[PDB]
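Structure assessment
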Amino acid sequence: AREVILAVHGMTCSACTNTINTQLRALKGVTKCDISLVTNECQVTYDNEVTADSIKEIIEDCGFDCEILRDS
């Protein structure tokens, strides 16, 4: 497993990260994900089955503006 790190805007309550983190965990290659209401980022421990862009899309869909910062 790789890590992707992406900036998640919009989020302003725990329900939000719950929803995000759960959705990500549900995709396929996501094994773990460590989301932190400090710097408004999402950190996703995935493997090659999943796609960072999909991850962004999923968060867009979930209803938060977000952008891919790094793939490590």
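Residues numbered from 1 in each chain as written, not as in the entry; some residues may be left out. Heavy atoms only, no water.

Structure determination for this entry is recorded as solution NMR.

**A word on the sheet that holds strand β1 (residues 2-8)**
The antiparallel open sheet is built from four strands, whose spatial order is β2-β3-β1-β4. Looking at which strands have only one partner, the edges of the open sheet turn out to be β2 (32-33) and β4 (66-70). Bridge count between β1 and β4: four bridges; the pairing is antiparallel. Its bridge partner being in β4, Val-8 is matched across the sheet by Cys-66. (Pairing = 2+ DSSP bridges. Helix = DSSP H or I, 4+ residues; strand = E, 2+ residues; numbered from the N terminus.)

**A few points about the side chain of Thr-17**
With respect to the secondary-structure elements, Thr-17 resides in helix α1 (residues 14-26). Other than its neighbours up to four places away in sequence, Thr-17 contacts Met-11, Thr-22, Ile-35 and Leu-37. (Contact = heavy atoms within 4.5 Å.)

**Observations regarding the pairing of strand β3 (residues 41-46)**
Of the two faces of β3, the one lined by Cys-42, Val-44 and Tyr-46 is fully buried and the one lined by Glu-41, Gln-43 and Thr-45 carries no buried residue. Relative to β3, β1 runs antiparallel, the two being bridged by six bridges. Bridge assignment links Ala-7 to a residue of β3, and that residue is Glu-41. Alignment of β2 against β3, held across two bridges, turns out to be antiparallel. Counterpart to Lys-32 in the pairing with β3 is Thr-45. (Buried < 20%, exposed > 50% of the residue type's maximum accessible area, 1.4 Å probe, protein only.)

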